[PDB]
Amino acid sequence: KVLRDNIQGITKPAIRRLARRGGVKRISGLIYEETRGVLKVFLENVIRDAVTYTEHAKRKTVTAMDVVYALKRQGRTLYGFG
Amino acid sequence: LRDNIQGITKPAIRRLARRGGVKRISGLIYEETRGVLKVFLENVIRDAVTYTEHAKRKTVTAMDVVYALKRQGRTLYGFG
Amino acid sequence: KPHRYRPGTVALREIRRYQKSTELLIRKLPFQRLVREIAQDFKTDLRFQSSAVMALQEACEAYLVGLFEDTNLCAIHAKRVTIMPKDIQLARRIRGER
Amino acid sequence: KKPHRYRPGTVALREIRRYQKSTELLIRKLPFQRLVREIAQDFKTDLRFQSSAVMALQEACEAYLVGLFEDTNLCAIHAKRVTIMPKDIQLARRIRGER
Amino acid sequence: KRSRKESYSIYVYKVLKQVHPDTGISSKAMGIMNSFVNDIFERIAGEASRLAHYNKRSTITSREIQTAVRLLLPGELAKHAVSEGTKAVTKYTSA
Amino acid sequence: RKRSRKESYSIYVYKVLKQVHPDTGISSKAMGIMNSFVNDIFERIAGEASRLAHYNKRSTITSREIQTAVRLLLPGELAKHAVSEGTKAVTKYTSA
Amino acid sequence: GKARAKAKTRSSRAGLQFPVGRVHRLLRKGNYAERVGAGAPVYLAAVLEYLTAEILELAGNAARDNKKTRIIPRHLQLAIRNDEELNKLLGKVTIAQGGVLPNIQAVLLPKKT
Amino acid sequence: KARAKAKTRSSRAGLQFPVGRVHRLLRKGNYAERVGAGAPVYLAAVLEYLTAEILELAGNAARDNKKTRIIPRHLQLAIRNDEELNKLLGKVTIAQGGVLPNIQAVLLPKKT
Amino acid sequence: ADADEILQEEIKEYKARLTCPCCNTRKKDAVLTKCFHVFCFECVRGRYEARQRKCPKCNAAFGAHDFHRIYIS
Amino acid sequence: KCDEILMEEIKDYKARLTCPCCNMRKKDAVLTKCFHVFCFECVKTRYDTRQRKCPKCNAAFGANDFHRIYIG
DNA sequence: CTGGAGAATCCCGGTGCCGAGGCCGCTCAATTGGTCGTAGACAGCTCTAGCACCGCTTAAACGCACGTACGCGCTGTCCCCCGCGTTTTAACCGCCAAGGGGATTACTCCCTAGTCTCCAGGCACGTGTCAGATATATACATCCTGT
DNA sequence: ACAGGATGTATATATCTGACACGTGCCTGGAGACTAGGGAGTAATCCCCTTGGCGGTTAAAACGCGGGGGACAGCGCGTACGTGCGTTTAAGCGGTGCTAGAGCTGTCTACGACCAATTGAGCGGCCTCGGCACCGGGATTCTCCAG
Ligand SMILES: [Zn+2]
Ligand SMILES: [Zn+2]
Ligand SMILES: [Zn+2]
Ligand SMILES: [Zn+2]
């Protein structure tokens, strides 16, 4: 099975909630599409690094270790997963 | 050595802004730029002096400076 | 007689309730599907641990919240209370993402 | 009669072009060296500096201030301004992560 | 056989009970703590390795760790960590 | 007082420049820039490959760790071109 | 002769809760240097234990005022973000399930006419 | 006593960059307790390719500046005019390289 | 009939040398100032983006702005 | 009506490979200041008459600024 | 400028639940006690360059005059986003179920550390010489006043 | 929108001048050749645990609408900053001179690796009860319209 246009799954209320946690009062209507774009770019970078780490390990499953290494790679060190 | 931050003169800061593509500069820019420059020098020089102190040296070499810059994600080329 | 709050007050209430809370603000299945779509764009026939997807969601939510904080600061800088795509672009380019 | 006077901004644009085409140091060397020694004596008294160390510090500070002024100009343009104000530098530094 | 993994969980819990006798901790918080300890250990050890390489030293001593702590940790935290490390090294030297 | 011995990539950078720009010279400052760049990229690839070997509990760094480190660190099409060049050199080295 | 001491951990010799032996082993197997001194694991374990004690004290303080006797990642996040010095130590680090520090820009508050 | 005279591993792989020096630095840099035979070859190839790319771009900039000698300004222009090579060295500053000449469009004269 | 065939043949010959050898799909609008040969702008832009800084036919090395768009019409 | 487009197609292509001024020979020269294409002998003869300006866009150029090209 | 009505939130308390923490068993890695090698601390010497002062020149900083353009406050207007009710929808939980491959073990082989000798690749030094600033002398691209 | 006057900038030739490119002598760091032993590649197994489906349901998303409050264009002003000019300052360049400390070298010793025996710390599994989530209701607090 293949997956398409799941970037729309990051919905408008979800982006509004994320902005609320970021202390944003008013949100323009064009914020959402740019948020999909930038989140997609960030996910492409992180997932590409994680997939490269998985490919090096001869593995066909992306573990939390690969994601943690990809995050500590990009100056985005993540705690609580190993 | 006292009050050498004013040695970073107003026209020098304007020249720096011109290289940064700044067309108009406020008069209050210069003092705050001197302050942030002082902060940057404090960080870099503190790291460089720590590197020098570890080597049991009393001279701050250029390699200590480039190590200090590389520590702060500001890698500099041309000094080793 | 219907009761309505003036605009912004409910938004402030959501700001407070989502800054007090810590749970994920994105639905789990759509984000998992997006991650799997990007992964199969990179490498086909791929499997994901649940902890890996949760870590990716934590990282993406943290990144988006920080980006929205910087975007909000950009909005205040331009004497605005609403954020615009120019605010996001300016924040990203200052952070070095562009 | 009528001595020549460039309009405000075109001289500034000419300096922008000149200092973006050129590569030399924009701060006089002796005052910056004195500033470096002033800041360094607060960490270790009786300290010596290699000359190349001072040039490396000067290059780093030139680059940092040029990038900071680039971000400052972008912040000023974002606020629909062509002049840079201290709040522009504060916003740029806080987004960059120093503040 | 059976998988075996090591963590700073018991050490973090002992430190917590030393500093907060009547306070608990969750599994997720303990994971945060373990990740923090490994991250700081990696940073300090890598910095000490870099000092050893720069100074051509083939060994990592307490001087390298102290310099790494001074370089990485900020300000008053670095000062307290340096004092604690020196105290522990002097105590270990006697015993 | 004797004379020391300092290693550098200066002659290698000069050979590469001569094989890519036969009639173009390089200044000493630019040579220093190039040597610093080579050292930085070398240490970066080596550190990433060391971390890769540590993650996989592997005691040796082979061509595959450098493969992964180049695919990671180098961006865009630099990555795939350096992959092609490295695989070409490895094949030519194993053949001879 | 066989007359020897039973055991005496280096952590107890240095008066540390953190393991000097495990830190020494990780230093040896981390390929940091060809050799590791005797006092290097002691110093590193002391520094790690001090940092752990600081962050755990702050986290317990954050948990106490929340009527919770059990530290959660939210308490750790609050402890790190309130302490600007630990915050700058861990500026580029994100904590899972920690949320964010509650703050709102002063201009976003209601005008209250 | 019969043996082959000499053949550097850089010459075997057709590389200008030193495979032997890279191998020695890989062992001496404390990266792993073992280093494979093909790892320095591949790393030298990658370093040589990056050197060739940056040097070709710098020489192109030098020719466009009517100079036959590469200066740090030419290297800086080569880095900043190539997006991939720019973001490979995004957090890297070059001594005496200057900056890429650009002016924001709002700063240009209004032509009024 | 013969005249139409000859005209179609020479039109095909015109199509042969008016189209970029690298692409052979659509018309040339650019020149490299190193090899003095005409190509189309986005093919050489892709080659530069593909980090292939060699001319498709003579393999001459060209820079970032050694190619510029040609105003044929 | 297919043939009606045919000589219309001829006049469109035949116009744009020939010199804008001479209008009788294929273009084989360029001007890099104005980014325009002329033929070789026209720019030779119009350079020899000491007028260094582009006939259509009025761009000044030097001797080394214009050169032979292979349009084909 | 508040009263009061409506709605969101805090607090108090009972109850169940699931995971935090204590305990037990085991096992493997940290400890102890030696040997042996060599890394570095330690004194001594050399000599490179860092520092300090001096004087002349002139580039640059500085203080001021004056104009102008733009930063900012105010006004209008207007339209886009927020609050909210309703309908849809697919997220989420539970349960089931298959099998994919992560992880571990065992075996073998080949690849790399280690050694010894050897030689030539590269570095330090020296020296010719030539892009290259550095001037003038001449021919266009803007800037600004003016109509 | 268009002269033109002036200002600045882009090309075309002599001329020195250190810096750069090439030639030499070492010498020590890579290359050849060979050993040996451990790291890892490969085959096999098994058992987590990941993926996929089905069903309930229900919280959340999507939709549409009213309106109000913020975005933005425009206007006015006044002041802060740009530009130019005369003045003063100190940066820069060179030259000398002194020596402090970088850098290197020889001793040797005292730490760090290595290794055999072992044992006590630390991890996996079990289990229990209590901290906490949740439900539910009242009291408190915030918001907003209408006086
Ligand atoms: Zn083409
Ligand atoms: Zn060609
Ligand atoms: Zn013609
Ligand atoms: Zn023209």
# chains A, B, ... in the order shown; residues from 1 in each chain; ligands from 1
$ residues_around --residues "segment 9-24 of chain J" --least-positions-apart "2" --cutoff "6 Å" --atoms "only C-alpha atoms (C1' of nucleotides)" --output "ChimeraX atom specification"
/I:72-73 /J:5-7,26-27,38-39
$ interface_residues --of "chain D" --to "chain G" --cutoff "12 Å" --atoms "only C-alpha atoms" --output "PDB file with N, CA, C and O atoms, in the first residue's frame"
ATOM      1  N   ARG D  96      17.701  34.087  16.862  1.00  0.00           N
ATOM      2  CA  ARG D  96      18.904  33.300  16.605  1.00  0.00           C
ATOM      3  C   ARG D  96      19.258  32.407  17.787  1.00  0.00           C
ATOM      4  O   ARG D  96      19.883  31.356  17.603  1.00  0.00           O
ATOM      5  N   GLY D  97      18.874  32.800  18.997  1.00  0.00           N
ATOM      6  CA  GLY D  97      19.049  31.970  20.175  1.00  0.00           C
ATOM      7  C   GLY D  97      19.964  32.533  21.242  1.00  0.00           C
ATOM      8  O   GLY D  97      20.118  31.892  22.292  1.00  0.00           O
ATOM      9  N   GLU D  98      20.596  33.692  21.034  1.00  0.00           N
ATOM     10  CA  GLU D  98      21.426  34.262  22.091  1.00  0.00           C
ATOM     11  C   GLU D  98      20.580  34.731  23.270  1.00  0.00           C
ATOM     12  O   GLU D  98      20.944  34.505  24.429  1.00  0.00           O
ATOM     13  N   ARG D  99      19.453  35.379  22.998  1.00  0.00           N
ATOM     14  CA  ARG D  99      18.561  35.828  24.061  1.00  0.00           C
ATOM     15  C   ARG D  99      17.516  34.763  24.375  1.00  0.00           C
ATOM     16  O   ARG D  99      16.522  35.033  25.050  1.00  0.00           O
TER      17      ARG D  99
END
$ residues_near_ligand --ligand "ligand 4" --cutoff "7 Å" --atoms "only C-alpha atoms (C1' of nucleotides) and all ligand atoms" --output "list in words"
residues 31, 34, 35, 36, 54, 55, 56, 57, 58 and 59 of chain J
$ closest_atom_pairs --of "chain E" --to "chain K" --cutoff "10 Å" --atoms "only C-alpha atoms (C1' of nucleotides)" --output "JSON lines"
{"residue": "E:1", "atom": "CA", "partner": "K:104", "partner_atom": "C1'", "distance": 6.8}
{"residue": "E:2", "atom": "CA", "partner": "K:104", "partner_atom": "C1'", "distance": 8.4}
{"residue": "E:3", "atom": "CA", "partner": "K:103", "partner_atom": "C1'", "distance": 8.6}
{"residue": "E:24", "atom": "CA", "partner": "K:20", "partner_atom": "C1'", "distance": 7.9}
{"residue": "E:25", "atom": "CA", "partner": "K:20", "partner_atom": "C1'", "distance": 7.8}
{"residue": "E:26", "atom": "CA", "partner": "K:20", "partner_atom": "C1'", "distance": 7.3}
{"residue": "E:27", "atom": "CA", "partner": "K:20", "partner_atom": "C1'", "distance": 8.4}
{"residue": "E:57", "atom": "CA", "partner": "K:39", "partner_atom": "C1'", "distance": 8.1}
{"residue": "E:58", "atom": "CA", "partner": "K:39", "partner_atom": "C1'", "distance": 7.4}
{"residue": "E:59", "atom": "CA", "partner": "K:39", "partner_atom": "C1'", "distance": 8.2}
$ write_last_selection --atoms "C-alpha atoms" --output "compact mmCIF listing (two decimals), in the first residue's frame"
# COMPACT_ATOMS: atom_id res chain seq x y z
CA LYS E 1 20.02 -15.72 26.11
CA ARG E 2 18.41 -12.61 27.61
CA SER E 3 18.99 -9.00 26.61
CA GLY E 24 9.15 9.81 43.59
CA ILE E 25 9.84 9.67 39.86
CA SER E 26 8.11 8.23 36.80
CA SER E 27 9.47 5.97 34.08
CA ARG E 57 48.19 14.07 25.26
CA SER E 58 47.45 10.36 24.90
CA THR E 59 45.49 10.21 28.17
$ closest_atom_pairs --of "chain I" --to "ligand 1" --cutoff "10 Å" --atoms "only C-alpha atoms and all ligand atoms" --output "JSON lines"
{"residue": "I:19", "atom": "CA", "partner": "ligand 1", "partner_atom_place_in_ligand_line": "1 (Zn)", "distance": 7.0}
{"residue": "I:20", "atom": "CA", "partner": "ligand 1", "partner_atom_place_in_ligand_line": "1 (Zn)", "distance": 4.1}
{"residue": "I:21", "atom": "CA", "partner": "ligand 1", "partner_atom_place_in_ligand_line": "1 (Zn)", "distance": 6.3}
{"residue": "I:22", "atom": "CA", "partner": "ligand 1", "partner_atom_place_in_ligand_line": "1 (Zn)", "distance": 5.0}
{"residue": "I:23", "atom": "CA", "partner": "ligand 1", "partner_atom_place_in_ligand_line": "1 (Zn)", "distance": 4.0}
{"residue": "I:24", "atom": "CA", "partner": "ligand 1", "partner_atom_place_in_ligand_line": "1 (Zn)", "distance": 6.4}
{"residue": "I:25", "atom": "CA", "partner": "ligand 1", "partner_atom_place_in_ligand_line": "1 (Zn)", "distance": 7.3}
{"residue": "I:26", "atom": "CA", "partner": "ligand 1", "partner_atom_place_in_ligand_line": "1 (Zn)", "distance": 6.7}
{"residue": "I:27", "atom": "CA", "partner": "ligand 1", "partner_atom_place_in_ligand_line": "1 (Zn)", "distance": 7.1}
{"residue": "I:28", "atom": "CA", "partner": "ligand 1", "partner_atom_place_in_ligand_line": "1 (Zn)", "distance": 6.3}
{"residue": "I:29", "atom": "CA", "partner": "ligand 1", "partner_atom_place_in_ligand_line": "1 (Zn)", "distance": 8.5}
{"residue": "I:30", "atom": "CA", "partner": "ligand 1", "partner_atom_place_in_ligand_line": "1 (Zn)", "distance": 9.0}
{"residue": "I:38", "atom": "CA", "partner": "ligand 1", "partner_atom_place_in_ligand_line": "1 (Zn)", "distance": 9.4}
{"residue": "I:39", "atom": "CA", "partner": "ligand 1", "partner_atom_place_in_ligand_line": "1 (Zn)", "distance": 5.7}
{"residue": "I:40", "atom": "CA", "partner": "ligand 1", "partner_atom_place_in_ligand_line": "1 (Zn)", "distance": 4.5}
{"residue": "I:41", "atom": "CA", "partner": "ligand 1", "partner_atom_place_in_ligand_line": "1 (Zn)", "distance": 7.0}
{"residue": "I:42", "atom": "CA", "partner": "ligand 1", "partner_atom_place_in_ligand_line": "1 (Zn)", "distance": 6.8}
{"residue": "I:43", "atom": "CA", "partner": "ligand 1", "partner_atom_place_in_ligand_line": "1 (Zn)", "distance": 4.5}
{"residue": "I:44", "atom": "CA", "partner": "ligand 1", "partner_atom_place_in_ligand_line": "1 (Zn)", "distance": 7.1}
{"residue": "I:45", "atom": "CA", "partner": "ligand 1", "partner_atom_place_in_ligand_line": "1 (Zn)", "distance": 9.5}
{"residue": "I:46", "atom": "CA", "partner": "ligand 1", "partner_atom_place_in_ligand_line": "1 (Zn)", "distance": 9.4}
{"residue": "I:47", "atom": "CA", "partner": "ligand 1", "partner_atom_place_in_ligand_line": "1 (Zn)", "distance": 10.0}
{"residue": "I:56", "atom": "CA", "partner": "ligand 1", "partner_atom_place_in_ligand_line": "1 (Zn)", "distance": 9.5}
$ write_last_selection --atoms "C-alpha atoms" --output "mmCIF file, in the first residue's frame"
data_model
loop_
_atom_site.group_PDB
_atom_site.id
_atom_site.type_symbol
_atom_site.label_atom_id
_atom_site.label_comp_id
_atom_site.auth_asym_id
_atom_site.auth_seq_id
_atom_site.Cartn_x
_atom_site.Cartn_y
_atom_site.Cartn_z
ATOM 1 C CA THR I 19 16.870 21.784 -30.764
ATOM 2 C CA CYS I 20 19.304 21.259 -27.869
ATOM 3 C CA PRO I 21 21.394 18.068 -28.331
ATOM 4 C CA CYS I 22 21.176 17.370 -24.594
ATOM 5 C CA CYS I 23 17.357 17.492 -24.606
ATOM 6 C CA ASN I 24 16.178 17.015 -28.232
ATOM 7 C CA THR I 25 12.648 17.959 -27.140
ATOM 8 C CA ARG I 26 12.487 21.756 -27.352
ATOM 9 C CA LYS I 27 14.312 24.716 -28.767
ATOM 10 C CA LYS I 28 17.707 26.217 -27.882
ATOM 11 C CA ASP I 29 17.770 29.579 -26.130
ATOM 12 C CA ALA I 30 21.190 29.842 -24.414
ATOM 13 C CA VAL I 38 24.109 27.115 -28.371
ATOM 14 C CA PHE I 39 21.890 25.132 -26.008
ATOM 15 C CA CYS I 40 18.718 25.811 -24.013
ATOM 16 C CA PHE I 41 18.662 27.584 -20.664
ATOM 17 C CA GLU I 42 17.026 25.066 -18.352
ATOM 18 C CA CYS I 43 19.067 22.094 -19.622
ATOM 19 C CA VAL I 44 22.325 23.800 -18.649
ATOM 20 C CA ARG I 45 20.627 25.035 -15.470
ATOM 21 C CA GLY I 46 19.810 21.418 -14.631
ATOM 22 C CA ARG I 47 23.345 20.285 -15.453
ATOM 23 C CA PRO I 56 27.127 18.142 -23.427
#
$ residues_around --residues "segment 55-62 of chain A" --least-positions-apart "4" --cutoff "10 Å" --atoms "only C-alpha atoms (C1' of nucleotides)" --output "CSV table (one decimal) with N, CA and C atoms (P, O5', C5', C4', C3', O3' and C1' of nucleotides), in the first residue's frame"
chain,number,residue,atom,x,y,z
A,47,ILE,N,13.5,12.3,8.5
A,47,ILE,CA,13.2,10.9,8.1
A,47,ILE,C,14.3,10.4,7.1
A,49,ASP,N,17.5,11.2,7.3
A,49,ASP,CA,18.6,10.9,8.2
A,49,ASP,C,18.3,9.5,8.9
A,50,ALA,N,17.1,9.4,9.4
A,50,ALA,CA,16.7,8.1,10.1
A,50,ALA,C,16.7,6.9,9.2
A,51,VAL,N,16.3,7.1,7.9
A,51,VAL,CA,16.3,6.0,7.0
A,51,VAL,C,17.7,5.7,6.6
A,66,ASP,N,17.2,5.3,15.7
A,66,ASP,CA,17.5,6.0,14.5
A,66,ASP,C,16.9,7.4,14.5
A,67,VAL,N,15.7,7.6,15.0
A,67,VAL,CA,15.1,8.9,15.1
A,67,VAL,C,15.9,9.8,16.1
C,39,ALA,N,8.5,8.4,4.5
C,39,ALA,CA,9.5,7.3,4.5
C,39,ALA,C,9.5,6.4,3.2
C,43,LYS,N,12.5,5.4,1.3
C,43,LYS,CA,12.7,4.0,1.1
C,43,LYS,C,11.4,3.2,1.2
C,44,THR,N,11.2,2.4,0.2
C,44,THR,CA,9.9,1.6,0.2
C,44,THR,C,10.0,0.4,1.1
C,45,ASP,N,8.9,-0.1,1.4
C,45,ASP,CA,8.7,-1.3,2.3
C,45,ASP,C,9.5,-1.2,3.6
C,46,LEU,N,9.0,-0.2,4.4
C,46,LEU,CA,9.6,0.2,5.6
C,46,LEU,C,8.7,0.0,6.8
C,47,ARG,N,9.2,-0.3,7.9
C,47,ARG,CA,8.5,-0.6,9.2
C,47,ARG,C,8.9,0.4,10.2
C,48,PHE,N,8.0,0.8,11.1
C,48,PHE,CA,8.3,1.8,12.1
C,48,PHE,C,7.9,1.3,13.5
C,49,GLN,N,8.8,1.4,14.5
C,49,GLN,CA,8.4,1.2,15.8
C,49,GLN,C,7.5,2.2,16.3
C,50,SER,N,6.6,1.9,17.3
C,50,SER,CA,5.7,2.9,17.8
C,50,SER,C,6.4,4.0,18.6
C,51,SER,N,7.5,3.6,19.3
C,51,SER,CA,8.3,4.6,19.9
C,51,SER,C,9.0,5.5,18.9
C,52,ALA,N,9.4,5.0,17.8
C,52,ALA,CA,9.9,5.9,16.7
C,52,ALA,C,8.9,7.0,16.3
C,53,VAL,N,7.7,6.5,16.0
C,53,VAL,CA,6.7,7.5,15.6
C,53,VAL,C,6.3,8.5,16.7
F,52,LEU,N,28.7,6.1,14.0
F,52,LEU,CA,27.9,5.0,13.3
F,52,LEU,C,28.4,3.6,13.7
F,53,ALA,N,29.7,3.4,13.8
F,53,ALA,CA,30.3,2.2,14.3
F,53,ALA,C,29.9,1.9,15.8
F,55,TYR,N,27.1,3.0,17.2
F,55,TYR,CA,25.7,2.7,17.3
F,55,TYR,C,25.4,1.3,17.0
F,56,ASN,N,26.1,0.7,16.0
F,56,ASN,CA,25.9,-0.6,15.5
F,56,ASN,C,26.8,-1.6,16.3
F,64,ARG,N,31.7,1.2,4.4
F,64,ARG,CA,30.2,1.4,4.5
F,64,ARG,C,29.9,2.5,5.5
F,65,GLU,N,30.7,2.6,6.6
F,65,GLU,CA,30.5,3.7,7.6
F,65,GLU,C,30.8,5.0,6.9
F,67,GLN,N,30.6,5.5,3.7
F,67,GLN,CA,29.4,5.6,2.8
F,67,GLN,C,28.3,6.3,3.5
F,68,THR,N,27.9,5.8,4.6
F,68,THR,CA,26.7,6.4,5.4
F,68,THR,C,27.0,7.8,5.8
F,69,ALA,N,28.3,8.0,6.3
F,69,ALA,CA,28.6,9.4,6.7
F,69,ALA,C,28.6,10.4,5.6
K,100,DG,P,6.2,-12.9,6.2
K,100,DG,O5',6.5,-11.3,6.3
K,100,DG,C5',6.1,-10.7,7.5
K,100,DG,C4',7.1,-9.5,7.7
K,100,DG,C3',8.5,-9.7,7.2
K,100,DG,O3',9.1,-8.4,7.2
K,100,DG,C1',8.5,-10.2,9.5
K,101,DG,P,10.6,-8.3,6.5
K,101,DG,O5',11.6,-8.0,7.7
K,101,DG,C5',11.2,-7.1,8.7
K,101,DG,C4',11.9,-7.4,10.0
K,101,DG,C3',13.4,-7.7,9.9
K,101,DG,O3',14.1,-7.2,11.1
K,101,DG,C1',12.4,-9.5,11.0
K,102,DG,P,14.8,-5.7,11.1
K,102,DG,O5',14.9,-5.4,12.7
K,102,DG,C5',13.8,-5.6,13.5
K,102,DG,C4',14.2,-5.8,15.0
K,102,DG,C3',15.7,-5.6,15.3
K,102,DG,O3',15.8,-5.2,16.7
K,102,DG,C1',15.2,-7.9,15.4
L,50,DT,P,6.9,-2.4,17.7
L,50,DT,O5',6.8,-2.2,16.1
L,50,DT,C5',7.4,-3.2,15.3
L,50,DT,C4',6.5,-3.4,14.0
L,50,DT,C3',5.5,-2.3,13.7
L,50,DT,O3',5.5,-2.1,12.3
L,50,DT,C1',4.4,-4.4,13.9
$ residues_near_ligand --ligand "ligand 2" --cutoff "6 Å" --atoms "only C-alpha atoms (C1' of nucleotides) and all ligand atoms" --output "count of residues only"
6
$ residues_around --residues "segment 56-70 of chain D" --least-positions-apart "4" --cutoff "6 Å" --atoms "only C-alpha atoms (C1' of nucleotides)" --output "ChimeraX atom specification"
/B:16-17,20
$ select_by_dssp --residues "chain F" --states "strand (DSSP E or B)" --output "list in words"
residues 25, 26, 60 and 61 of chain F
$ write_last_selection --atoms "N, CA, C and O atoms" --output "mmCIF file, in the first residue's frame"
data_model
loop_
_atom_site.group_PDB
_atom_site.id
_atom_site.type_symbol
_atom_site.label_atom_id
_atom_site.label_comp_id
_atom_site.auth_asym_id
_atom_site.auth_seq_id
_atom_site.Cartn_x
_atom_site.Cartn_y
_atom_site.Cartn_z
ATOM 1 N N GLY F 25 46.424 29.700 -10.503
ATOM 2 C CA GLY F 25 47.146 29.564 -9.260
ATOM 3 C C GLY F 25 46.256 29.771 -8.043
ATOM 4 O O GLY F 25 45.067 30.062 -8.137
ATOM 5 N N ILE F 26 46.868 29.605 -6.873
ATOM 6 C CA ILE F 26 46.173 29.744 -5.599
ATOM 7 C C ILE F 26 47.088 30.471 -4.622
ATOM 8 O O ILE F 26 48.293 30.204 -4.563
ATOM 9 N N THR F 60 35.092 -1.726 13.875
ATOM 10 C CA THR F 60 35.891 -1.273 12.749
ATOM 11 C C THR F 60 35.103 -0.282 11.904
ATOM 12 O O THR F 60 33.875 -0.350 11.812
ATOM 13 N N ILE F 61 35.831 0.654 11.304
ATOM 14 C CA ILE F 61 35.283 1.581 10.324
ATOM 15 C C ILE F 61 35.712 1.105 8.945
ATOM 16 O O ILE F 61 36.903 1.129 8.615
#
$ residues_around --residues "residue 95 of chain F" --least-positions-apart "6" --cutoff "12 Å" --atoms "only C-alpha atoms (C1' of nucleotides)" --output "list in words"
residues 88 and 89 of chain F; 9, 12, 13, 14 and 38 of chain H
$ select_by_dssp --residues "segment 50-79 of chain E" --states "alpha helix (DSSP H)" --output "list in words"
residues 50, 51, 52, 53, 54, 62, 63, 64, 65, 66, 67, 68, 69, 70, 71, 72, 75, 76, 77, 78 and 79 of chain E
$ residues_around --residues "segment 1-7 of chain G" --least-positions-apart "6" --cutoff "12 Å" --atoms "only C-alpha atoms (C1' of nucleotides)" --output "list in words"
residues 13 of chain G; 30, 31, 32, 33 and 34 of chain K; 117, 118, 119, 120 and 121 of chain L
$ write_last_selection --atoms "C-alpha atoms (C1' of nucleotides)" --output "PDB file, in the first residue's frame"
ATOM      1  CA  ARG G  13      36.143   5.989  47.850  1.00  0.00           C
TER       2      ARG G  13
ATOM      3  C1'  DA K  30      34.076  -3.899  38.638  1.00  0.00           C
ATOM      4  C1'  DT K  31      37.574  -4.777  42.237  1.00  0.00           C
ATOM      5  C1'  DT K  32      42.211  -6.362  44.054  1.00  0.00           C
ATOM      6  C1'  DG K  33      46.639  -7.532  43.526  1.00  0.00           C
ATOM      7  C1'  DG K  34      50.508  -7.741  40.984  1.00  0.00           C
TER       8       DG K  34
ATOM      9  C1'  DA L 117      40.334 -14.674  40.527  1.00  0.00           C
ATOM     10  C1'  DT L 118      36.282 -13.220  42.416  1.00  0.00           C
ATOM     11  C1'  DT L 119      32.543 -11.449  44.334  1.00  0.00           C
ATOM     12  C1'  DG L 120      29.157  -7.950  45.207  1.00  0.00           C
ATOM     13  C1'  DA L 121      26.796  -4.585  42.627  1.00  0.00           C
TER      14       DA L 121
END
$ residues_around --residues "residue 22 of chain B" --least-positions-apart "3" --cutoff "9 Å" --atoms "only C-alpha atoms (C1' of nucleotides)" --output "MDAnalysis selection string"
(chainID B and resid 14 16:19 25) or (chainID D and resid 12:13 16 69:70 72:73 82:84) or (chainID H and resid 103:104 107)
$ write_last_selection --atoms "C-alpha atoms" --output "PDB file, in the first residue's frame"
ATOM      1  CA  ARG B  14      28.110  51.966  10.074  1.00  0.00           C
ATOM      2  CA  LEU B  16      29.735  46.895   9.335  1.00  0.00           C
ATOM      3  CA  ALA B  17      26.063  47.628   8.680  1.00  0.00           C
ATOM      4  CA  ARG B  18      26.885  48.661   5.102  1.00  0.00           C
ATOM      5  CA  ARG B  19      28.563  45.301   4.516  1.00  0.00           C
ATOM      6  CA  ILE B  25      21.013  53.254  10.941  1.00  0.00           C
TER       7      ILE B  25
ATOM      8  CA  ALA D  12      24.552  54.823   1.689  1.00  0.00           C
ATOM      9  CA  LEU D  13      23.795  52.495  -1.228  1.00  0.00           C
ATOM     10  CA  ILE D  16      26.773  49.172   0.685  1.00  0.00           C
ATOM     11  CA  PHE D  69      23.132  43.276  10.704  1.00  0.00           C
ATOM     12  CA  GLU D  70      21.760  41.209   7.815  1.00  0.00           C
ATOM     13  CA  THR D  72      18.609  43.146  11.698  1.00  0.00           C
ATOM     14  CA  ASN D  73      17.911  44.653   8.271  1.00  0.00           C
ATOM     15  CA  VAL D  82      14.224  50.882   6.123  1.00  0.00           C
ATOM     16  CA  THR D  83      16.133  52.086   9.202  1.00  0.00           C
ATOM     17  CA  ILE D  84      17.479  49.614  11.739  1.00  0.00           C
TER      18      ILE D  84
ATOM     19  CA  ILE H 103      20.793  44.571  -1.628  1.00  0.00           C
ATOM     20  CA  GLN H 104      17.188  44.179  -0.511  1.00  0.00           C
ATOM     21  CA  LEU H 107      16.333  49.556  -0.227  1.00  0.00           C
TER      22      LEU H 107
END
$ interface_residues --of "chain C" --to "chain D" --cutoff "9 Å" --atoms "only C-alpha atoms" --output "NGL selection string"
:C and (70 or 73-75 or 77-79 or 86-87 or 90-91 or 93-96)
